[PDB]
Number of protein chains: 2
Amino acid sequence: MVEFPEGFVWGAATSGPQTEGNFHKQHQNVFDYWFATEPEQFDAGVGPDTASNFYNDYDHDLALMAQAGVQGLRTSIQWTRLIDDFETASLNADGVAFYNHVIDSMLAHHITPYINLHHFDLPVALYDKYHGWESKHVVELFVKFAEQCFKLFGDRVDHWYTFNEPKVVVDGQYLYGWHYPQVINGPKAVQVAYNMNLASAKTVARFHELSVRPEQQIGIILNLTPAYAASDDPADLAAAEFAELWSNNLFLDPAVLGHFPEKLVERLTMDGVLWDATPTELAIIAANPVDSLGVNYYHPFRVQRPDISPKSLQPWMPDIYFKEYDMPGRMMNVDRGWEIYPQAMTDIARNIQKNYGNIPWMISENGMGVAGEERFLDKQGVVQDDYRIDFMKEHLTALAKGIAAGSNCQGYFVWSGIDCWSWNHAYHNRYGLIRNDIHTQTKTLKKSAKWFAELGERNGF
Amino acid sequence: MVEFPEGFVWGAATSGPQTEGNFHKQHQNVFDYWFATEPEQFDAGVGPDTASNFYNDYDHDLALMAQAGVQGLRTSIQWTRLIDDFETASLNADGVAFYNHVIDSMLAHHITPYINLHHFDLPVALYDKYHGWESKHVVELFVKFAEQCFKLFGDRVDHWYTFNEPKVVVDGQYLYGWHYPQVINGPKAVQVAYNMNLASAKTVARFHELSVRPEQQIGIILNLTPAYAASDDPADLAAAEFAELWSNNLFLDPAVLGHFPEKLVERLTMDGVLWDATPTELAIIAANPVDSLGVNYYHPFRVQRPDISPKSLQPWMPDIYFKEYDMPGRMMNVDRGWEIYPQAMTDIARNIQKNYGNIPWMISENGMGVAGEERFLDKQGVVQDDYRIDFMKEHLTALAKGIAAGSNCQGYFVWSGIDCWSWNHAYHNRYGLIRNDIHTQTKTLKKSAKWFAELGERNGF
C-alpha cells in the first residue's frame, strides 16, 4: 500500500552525550559542566552522568535495537571522551577502546554504523580558553579530532557526518539560552555559524584526503524545516523570506552548493554583523561540499511580521525580522508543544530535488516525544505507543510521495532507538522504540519496535 | 674481497653476571641464589661468584679487548648491584662507582660503550616478594632502576639496550626449567612475555624523556632465527608458522611495529591463555618503539608438526603446535650438537629490510663455543682457534650478502670478547677471542683475536 525503494535504509538515531553516561570520561563538555554547577536547570536534577547507561550495556542494547528492526544506527563520538590533549589531539586510550567496542559490536549485530562527530558537546575547557566556536583555532582542533576518528575507525565505518544540527549550537549557545554558556549575542552568533560551516568543510576535505574505499562518504545533518508565512500580507511574506534564508540556507547552501546565500550576506552586511571570512577559507568551503545530506524534521516553522520595526533601537538578533506564528486548527504534539505537519516531508524532498542537485539524502531524524508512557503499559510492561506508529505512518506516507516524485531519499532514521537523555528535559518526554526504565536501566521493546521490524521486512506498510 | 660499509662497528658482547663476579654485591639475582643453594646444578661446580674477575681486573681486561680489535663492547649493568632499595631505586654508592670506573676505562681504551640493562638477572628478592616478572609492580621497579642508569651514565653512553632476549627469560623461568625459579606453567609464561615487552616500551619512553643528545638511542636484543618448515606439507608449514610468530613476532612486532601479532593473539585467545593487558599499556607499547635492533644468531631453527593433536588433553604450552626437526644431511658442529647454516643471517637481513622498515640494526651476538681449548694451545701458549675464524668468515660472508641486497646492518658483535661464565654450562664451552684460565684469572689473546683486529683495520676479508 505504501512501498519504498530497494535498498532503503531503516535506522535509528541517538548521540553519545545522551546515551553513554559520563563513566570514566576524561573531560566535561558544556552540558556536563552545566549540570555539575546548576543541576536545578535539568528536569528533576537528572543530568547526563548515567543517561541510558550505554557505556556499560552497549552489547545488549545493540541486540535490542537489532530486535527492533534497526538496520543502521547513527550515534556520535564525544570529543571529550576520545581526546586526551585537545591541542595535539592525543588519544585517551580507554576512550578509543570504548568506541572500537561499540563499532565492533554494531557489526556483530549486523547494524551498519553511521558515525557523527559532534552533537552539542563542545569541551567546556575550550570555551573557557578560547570562547569555543568563536575561535578559528578551536575549528582547527576540531579537524584534528576528526582526523583521528577517521584513522581509528575508518577501516570499518563507511558513513560519516561532521555535525548534528550546527544551527542548534548557534541558537543554543549564543542566541536563546538553550545551551551553556547561554550567551545572548547576535553578532557572535553570526561568526559562530560561519566558523562551524568552515569546520565542516575543513573536515570534509581531510576526510577525502584520508579515504581508501569508494563507498566511504561524509555528510552533514541539518533542520530543513520550511518557513510558512502566516498570510500573504507583504510583511508576513518578507518575514518568511528572511526566516528561510537564516534558518535553512545559512547551512544548506555552503554545505551543498559551496557558497553562502547571496541575499543573506547582503542583509548581514547592511546590518553590520557580517562574519569575518578570508578568501582562503571561502575557497575551502567552495571546494569541499558534503557527499550527502541528513534531514532532521519534526515540526513546521510558521512566521509573521515582527511586532516592532527592525529599525528600532535594539540589539541585533535574527529575530528582529520575524516572529513565530501559531496557526488555528494546527495538529499538536501537546505534551511537548510542537505542531504535527507531515506534508513538510514532501516539500523538503521536492526542494532538495529541484534546488540542491537531488543530492543523496536521508531522513536522519523523525520522532515523537511523549510524557508519562507508564500509563500506556499493558500486562507485560509493553508500551502501547500506537500514537508513535500512526505518527510514523503519516510522515512516511508524505516521504513516499516525495520519492515517487523523484527525490533521491535513501533512508529513514527514527529518533530514537532507546529512550535517551533529552538535555534539560532529561527523560520527561520519551522518543524511543525501546523504553528505558532509568532507575534500573532495564529496557523493553515498545509496540512500535515490532511494527518497525516488520516495516523493514516488507520495505513498506 | 668481502668488504663492509664505511663506519661498520666491529665489537664484542658479554654481560655483567657472566663476567664481574659477586665481589661486594649487595643483592642476589636468581642465578646467585640458585648457585648458592644448588651448586650441583652448575658445570664443574663453578658458579657466578668469581666468573671472569671483571670486578677486579676490568682495566687491563679492557686493554686486552682493545688489542683484540673490539671497537665497541656490549655488556650489562646488574640491577642487584646498582640498587640499594628496589622500591625507590635508591643507589648503592660502591656499585655506582664501579660502573663509572668501567665506563671511563672503556673510553680511556677507545672502546665505545654499549650498555644493556638486563641479562637474565632478576633480583631474587623480587621473585620471593612479587613473583618477579609476573608483577606489573616489578615492571615499574625496573623502570626506576633504568631511569637511574640513564641519569648516572647517560652523559658518556650513547648506545643502550633494554633487554637481552626476554624470550630466554620466559622460556627459562616459566617453560623448560633452565632458570631458577624453574616454574613450568604456559599461561604464566604468556603473561611474563607480555609484561617484559611492556617493561621495554616504558623504558624506551623514560629514555627519550631524559635524552639530551640526538645520538642517544635505545634498542632491544632479540633472537630472530627463522623457523624453517621440515617440508612443504601443510601440517609442517602450519607448525613453522606458529613457531615463527611465537618465537620471533611475540617480541619483534611490539618492539619495532608497536603492536602484537594479530594471528598470535587470536590463537592465545581461542586457547584461553591470552595475557592480561589494558588499553593504556597497549598505547604505551604502540607509542614507544625501539630505535634499533640487536640480532643474536648462533644456529638454525627447524620445525615439524606436533606428534599428537594440539586438541589433546594436556597442559597448554607453545610446543603443542610444533616440534623440533633434525634435517638429514645437515652440516654439523658435532661436538656442540649444533647445525651450521650461515645463510640464516641472510634470511634475517632480508626480513628486517622488507617487513620491519629496514630499521637500523646490528648483529649483537654471533660466536662459536668449543670445549677443551687446551688441545689447541701452541708453544707460545696461544689458542689456535682456526675453527673460530672460518665460522666468522662464513657468517660474515652471509651477512655481507644481506648488506649488499640493501639491509641496514651497521655492526657485528662477537660473542664473546673474553671467555665468560655461561650460566649452568659455566666454562665448559669457550666462546671468546681471548682465553681465560679461570683458576688464575690470567687472560690470553687467541689466534682469532689478531684476525678480528686485522678484520676491522680491513673492514672485510
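Residues numbered from 1 in each chain as written, not as in the entry; some residues may be left out. Chains lettered and ligands numbered in written order. Part of a larger assembly, values for the part shown. Heavy atoms only, no water.

By the naming in the PDB entry, chain A is Beta-galactosidase, taken from Lactobacillus plantarum. UniProt annotates chain A under Sequence similarities (unreviewed entry) with the comment "Belongs to the glycosyl hydrolase 1 family." (UniProt positions renumbered as here; feature names shortened; annotations may be inferred.)

## Notes on the overall build of chain A
Within chain A, the regular secondary structure consists of 14 helices and 17 strands. For 461 residues, the compact-globule estimate of 2.2 N^0.38 gives 23 Å, and chain A sits close to it at 21 Å. Overall, the C-alpha framework of chain A stretches about 60 × 55 × 50 Å when taken along its three principal axes. By the burial criterion, 60% of the 461 residues in chain A qualify as buried. The contacts of chain A with a sequence gap of at least 6 include a subset with a gap of at least 24, amounting to 76%. Accessible area for chain A stands at about 17800 Å²; split by element, carbon and sulfur atoms hold 53% of it. The distance from the centre of the 35 positive side-chain charges to the centre of the 58 negative ones in chain A is 2 Å. (Helix = DSSP H or I, 4+ residues; strand = E, 2+ residues; numbered from the N terminus. Rg over C-alpha atoms; globule rule 2.2 N^0.38 Å. Buried < 20%, exposed > 50% of the residue type's maximum accessible area, 1.4 Å probe, protein only. Contact = heavy atoms within 4.5 Å. Areas by Shrake-Rupley, 256 points an atom, 1.4 Å probe, with all protein chains shown as cover. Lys, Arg positive; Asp, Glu negative; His and termini not counted. Charge placed at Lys NZ, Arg CZ, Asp CG, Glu CD.)

## With respect to the pattern of salt bridges
Residue and element names in this part refer to chain A. By the definition in use, this model includes 53 salt bridges over all chains. In this structure, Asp419 engages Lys446 in a salt bridge whose closest nitrogen and oxygen atoms are separated by 2.9 Å. Of this pair, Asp419 sits in the loop between strand 14 (409-414) and strand 15 (429-430) while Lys446 sits in the loop between strand 17 (442-445) and helix 14 (447-458); the two residues are 27 residues apart in sequence, bridging distant segments of the chain. Look at the salt bridges and you will find they share partners, linking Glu373, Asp385, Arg388, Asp419, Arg430 and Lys446 into a network. (Salt bridge = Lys/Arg side-chain N within 4 Å of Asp/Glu carboxyl O.)

## Some points on the packing of helix 7 (residues 166-174) of chain A against helix 9 (residues 234-257) of chain A
Residues and elements named next belong to chain A. Where helix 7 contacts helix 9, the axes come no closer than 10 Å and their chain directions differ by 130°. Classified by the angle their axes make, helix 7 and helix 9 are oblique. You can see that helix 7 and helix 9 cross each other, and the crossing is right-handed. Residue-level inspection shows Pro166, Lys167 and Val170 of helix 7 in contact with helix 9, the latter providing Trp246, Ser247, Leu250 and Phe251. Its residues placed into classes, the contact of helix 7 with helix 9 shows five nonpolar, one polar and one charged. (Axes fitted to C-alpha atoms, helices over the stretch in contact; angles between N-to-C directions. Parallel < 35°, antiparallel > 145°, perpendicular 65-115°, else oblique. Left-handed = near helix turned anticlockwise from the far one by under 90°. Nonpolar A, V, L, I, M, F, W, Y, C, P; charged D, E, K, R; others polar.)

## Let's talk about the sheet that holds strand 9 (residues 323-324) of chain B
Residue and element names in this part refer to chain B. Judged by pairing direction, the sheet is mixed, and its three strands sit side by side in the order 6-8-9 without closing on themselves. Each edge of the sheet is formed by a strand with only one pairing partner; in this case those strands are strand 6 (227-229) and strand 9. When strand 8 (residues 301-304) meets strand 9, the two strands line up antiparallel, connected through two bridges. Within strand 9, the residue paired with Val303 across the bridge is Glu324. (Pairing = 2+ DSSP bridges.)

## Topic: helix 6 (residues 136-153) of chain B
All names here are of chain B. Taking 1.5 Å per residue as the helical rise, helix 6 with its 18 residues ought to reach 26 Å, and the 26 Å between its terminal C-alpha atoms agrees with that figure. Turning to helix 6, its buried residues number three or more, namely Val138, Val139, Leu141, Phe142, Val143, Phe145, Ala146, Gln148, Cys149, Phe150 and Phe153. Contact partners of the buried residues in helix 6: helix 3 (79-82), helix 4 (93-108), helix 5 (124-130), strand 4 (159-164), helix 8 (186-210) and strand 5 (217-223). You can read the cap of helix 6 off the contacts: a side-chain oxygen lies 3.0 Å from the backbone nitrogen of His137, and it is on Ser135. (Expected span 1.5 Å × (residues − 1). Polar contact = N/O pair within 3.5 Å; in protein donor to acceptor, adjacent residues only side chain to side chain.)

## Notes on the sheet that holds strand 6 (residues 227-229) of chain A
All names here are of chain A. Taking strand neighbours across the sheet as the criterion, the three strands line up as 6-8-9 in an open arrangement whose pairing is mixed. Because the sheet does not close on itself, it has two edges, and the strands there are strand 6 and strand 9 (323-324). Relative to strand 8 (residues 301-304), strand 6 runs parallel, the two being bridged by three bridges. Following the sheet pairing, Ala229 is matched in strand 8 by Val303.

## Let's talk about the pairing of strand 3 (residues 112-116) of chain B
Residue and element names in this part refer to chain B. For strand 3, the buried fraction is high: four of the five residues fall into the buried class. Note: strand 2 (residues 72-76) against strand 3, five bridges, orientation parallel. Bridge pairing links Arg74 to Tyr114 in strand 3.

## Some thoughts on the packing of aromatic side chains
All names here are of chain A. Scanning the entire structure with this criterion turns up 89 aromatic pairs over all chains. Judged by centre distance (4.8 Å) and plane angle (80°), the rings of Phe150 and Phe207 are edge-to-face. Of this pair, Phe150 sits in helix 6 (residues 136-153) while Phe207 sits in helix 8 (residues 186-210), placing them 57 residues apart in sequence. Across the pair, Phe207 and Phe150 agree in class, each one buried. Joined through ring pairs, the aromatic side chains of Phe31, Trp34, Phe35, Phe42, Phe120, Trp421 and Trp423 make up one cluster. Above the ring of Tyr341, the side-chain terminus of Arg302 is found at 5.3 Å from the ring centroid. (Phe/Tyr/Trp six-rings, centres within 6.5 Å; stacked < 30°, edge-to-face > 60°. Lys NZ or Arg CZ within 6 Å of the ring centre and 35° of its normal.)

## Remarks on the side chain of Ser364(B)
All names here are of chain B. Position of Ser364 relative to the elements: it lies in strand 12 (residues 361-366). A polar atom in the side chain of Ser364 sits 2.6 Å from the side chain of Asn296. For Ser364, the contacting residues outside a window of four places in its chain are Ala13, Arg74, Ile221, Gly294, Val295, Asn296 and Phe413.

## Considering the environment of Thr162(B)
Residue and element names in this part refer to chain B. Tracing the backbone through its elements, the reader meets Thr162 in strand 4. In sequence terms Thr162 and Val143 are 19 residues apart; their C-alpha atoms lie 9.8 Å from each other. Ignoring anything within four residues of it in the chain, the contact list for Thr162 reads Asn116, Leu117, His118, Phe142, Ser200, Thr203, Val204, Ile218, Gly219 and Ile220. Here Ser200 takes part through its side chain, which lies 3.0 Å from a polar atom of the side chain of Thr162.

## Re the environment of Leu122(A)
Considering the arrangement of structural elements, one finds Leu122(A) in the loop between strand 3 (112-116) and helix 5 (124-130). Between the C-alpha atom of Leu122(A) and that of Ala51(A), which follows or precedes it by 71 residues, the distance is 18 Å.

## Some words on the packing of helix 4 (residues 93-108) of chain A against helix 11 (residues 279-287) of chain B
Put simply, helix 4 of chain A and helix 11 of chain B touch, their axes get as near as 8 Å, and they point 105° apart. Relative to helix 11 of chain B, the element helix 4 of chain A is oriented roughly perpendicular. Contacts between helix 4 of chain A and helix 11 of chain B involve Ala93(A), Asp94(A) and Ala97(A) from the former and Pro279(B), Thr280(B) and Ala283(B) from the latter. Residue classes in the contact of helix 4 of chain A with helix 11 of chain B are distributed as four nonpolar, one polar and one charged.

## Examining the nonpolar core
Grouped together as the largest cluster of nonpolar side chains are 138 residues, with contacts concentrated most on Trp79(B), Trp133(B), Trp160(B), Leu293(B), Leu399(B) and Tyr412(B). Residue contributions to this core peak at 11 residues, all from helix 8 of chain B. Discounting residues that sit within four places of it in the chain, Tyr412(B) has contacts with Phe8(B), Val9(B), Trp10(B), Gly11(B), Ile363(B), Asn366(B), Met392(B), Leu396(B), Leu399(B) and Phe452(B). Counting 137 residues, the second-largest nonpolar core is a separate cluster that includes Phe35(A), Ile103(A), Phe163(A) and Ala349(A). (Core = buried A, V, L, I, M, F, W, Y, C linked by side-chain atoms within 4.5 Å.)

## A look at the pairing of strand 16 (residues 434-437) of chain B
Residue and element names in this part refer to chain B. In the sheet, strand 16 pairs with strand 17 (residues 442-445) via four bridges, with the strands oriented antiparallel. Considered in strand 17, the bridge of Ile434 is made with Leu445. Between strand 16 and strand 17, which pair antiparallel in sequence order, lie four residues; one of them, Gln441, sits at a positive phi of approximately 60°.

## What to know about the side chain of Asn296(A)
Residue and element names in this part refer to chain A. One can find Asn296 in strand 7 (residues 292-296). Judged by its relative accessible area of 0%, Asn296 is buried. Here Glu165 takes part through its side chain, which lies 3.2 Å from a polar atom of the side chain of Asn296. In this view, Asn296 contacts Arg74, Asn164, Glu165, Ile221, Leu222, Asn223, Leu224, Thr225, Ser364 and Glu365; residues no more than four positions away in its chain are not counted.

## Observations regarding the environment of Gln67(A)
Residue and element names in this part refer to chain A. Position of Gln67 among the secondary structure elements: in helix 2 (residues 54-67). Spatially, the C-alpha atom of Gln67 lies 9.5 Å from that of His109, the residues being 42 residues apart in sequence. Excluding residues that lie within four positions of it along the chain, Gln67 makes contacts with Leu445 and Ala453.

## What about unusual backbone geometry?
Residue and element names in this part refer to chain B. Backbone torsion omega between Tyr180 and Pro181 reads 15°, so that peptide bond is classified as cis. You can see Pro181 is positioned in the loop between helix 7 (166-174) and helix 8. Backbone torsion omega between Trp415 and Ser416 reads 5°, so that peptide bond is classified as cis. As for its position among the elements, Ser416 is in the loop between strand 14 (409-415) and strand 15 (429-430). Even without a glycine there, the phi angle at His110 is positive, about 65°. Positionally, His110 belongs in the loop between helix 4 and strand 3.

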